[PDB]
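For reference, the chain that follows is the form deposited in one PDB entry, supplied as structure tokens.
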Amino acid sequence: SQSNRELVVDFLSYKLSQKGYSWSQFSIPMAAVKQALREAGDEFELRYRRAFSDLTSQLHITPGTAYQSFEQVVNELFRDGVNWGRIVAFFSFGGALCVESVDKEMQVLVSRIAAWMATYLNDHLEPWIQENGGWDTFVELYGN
């Protein structure tokens, strides 16, 4: 999808803005999915992410690191399969890897992390999203 590409892009830009970094590595129901996912991600970071294993601990992200490394770590969010919260967490996770990377002046890694997210979302998560009524059902379940 291209739709999903802009979600990842929307999410990462919001998060970089929010946490105080440049988001300029990045140059209706869709504004509505964006919002719902934005807020979802904030609620997950606020209330919940504290409980989980730091998956950022299990991926010292560096210029050498490739998609399989990424994939293998995100796979830990989905050993029991996909659900909406785990998808929210997946976006959280990416945002996190963007904050660390800019915090590590590797600002260029960002767009690549966004590449990986769009690949991972599209290869593994999409089959579930569609089965479960797509993003419009997420919004209905997590709006406001």
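We number the residues from 1 along the sequence you see. Here the rigid core means the biggest group of C-alpha atoms that line up within 1.5 Å when the two forms are laid on top of each other. Only residues modelled in both forms are compared.
According to the record, the deposited sequence contains 10 or more residues between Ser27 and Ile28 that were left without coordinates. Mean C-alpha B-factor is higher over 102-110 than over the other stretch, the pair under comparison being 74-82 and 102-110.
Legend: mean Cα B-factor per stretch from the PDB entry, 63-71 versus 34-42; the higher mean is in 63-71. Per the deposited record, the Cα B-factor of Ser53 falls in the highest third when ranked against the other modelled residues of its chain.
In what follows, reference is made to the form deposited in another entry, a form of this protein that is not presented.
Fitting the two forms on the rigid core leaves the C-alpha of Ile61 displaced by at least 2 angstroms between the shown form and the other one. Once the rigid core is overlaid between the shown form and the other one, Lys104 does not reach a Cα shift of 2 Å, moving by less than that. When two forms of a protein are overlaid on their rigid core, residues whose CA moves 2 Å or more are considered shifted, and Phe70 is one of them between the shown form and the other one. Relative to this form, in that other deposited form the C-alpha atoms of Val102 and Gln68 approach one another by 3 angstroms or more.
Compared with the form shown here, the C-alpha atoms of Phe90 and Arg49 sit at least 3 Å farther apart in that other deposited form. After fitting on the rigid core, stretches of 3+ residues whose CA atoms all move by 2 angstroms or more between the shown form and the other one lie at 1-25, 48-61, 65-73.
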